[PDB]
Amino acid sequence: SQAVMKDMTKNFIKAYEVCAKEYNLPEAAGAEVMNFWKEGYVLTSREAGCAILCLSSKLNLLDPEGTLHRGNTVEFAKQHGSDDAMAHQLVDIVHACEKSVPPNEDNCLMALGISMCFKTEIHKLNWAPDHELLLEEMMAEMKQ
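Residue 138 in the entry's author numbering sits at position 138 of the sequence shown, and the numbers go up by one each step.
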């Protein structure tokens, strides 16, 4: 199971509208979160980070320490047909992602940084379903 990684992102934004109302984010935040699906052009904004941050606290599918809980990761993924081993490895690359994303003072900014690099890590392992997307991220690095 690989396509499940994308469906799991859609499942996480299923409560997006509820969360936008909670954190009182502008409508622009919705567009900024979806702008990350654009290819090579990926913006960063505090509002996009706060949307991700609020969803994780809305459901608390994390350890109370604010670290990704392994059980919640495999369970939330299995709702869309994951393999547990694949979903468990996603928690391991979140630790690797800390090298690429040092902490940020604002929790929204840290949330967004880790969220982008979470894809970059699975892309560099070549394990992601979108081979042309991971290939482009590595080619764009060579283009500059």
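We put the CB at the ideal spot given by N, CA and C, even for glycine.
Endpoints, the alpha helix (DSSP H) within which residue i is located
i    : result
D83  : From DSSP, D83 is part of no alpha helix (DSSP H); its letter is neither H nor E.
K10  : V4 to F12
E132 : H131 to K143
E17  : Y16 to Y23
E121 : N107 to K124
Proximity of residue i and residue j at Cβ, strictly below 8 Å
i    : j    : result
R46  : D106 : yes
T67  : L90  : no
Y16  : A48  : no
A128 : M5   : yes
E132 : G40  : no
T9   : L112 : no
Own chain, CB closer than 8 Å to residue i, minus 5 neighbours either side, in chain order
i    : result
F118 : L90, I93, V94 and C97
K58  : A15, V18, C19 and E22
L62  : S56, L68, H69 and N72
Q2   : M86, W127, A128 and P129
Beta-carbon proximity list for residue i, same chain, < 6 Å, skipping 5 on both sides
i    : result
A87  : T73, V74 and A77
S100 : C117
Own chain, CB closer than 7 Å to residue i, minus 5 neighbours either side, in chain order
i    : result
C54  : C19, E22 and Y23
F36  : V42 and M116
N126 : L134
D83  : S1
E32  : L43, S45, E47 and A48
Any alpha helix (DSSP H) of 4 or more consecutive residues that is wholly inside the stretch 36–77: Listed in chain order, the alpha helix (DSSP H) runs fully inside the stretch 36–77 are 46–59, counting runs of at least 4 residues.
Three-pair Cβ contact test at 8 Å for the stretch 118–132 versus the stretch 20–33: The stretch 118–132 makes no contact with the stretch 20–33; the number of CB pairs closer than 8 Å stays below 3.
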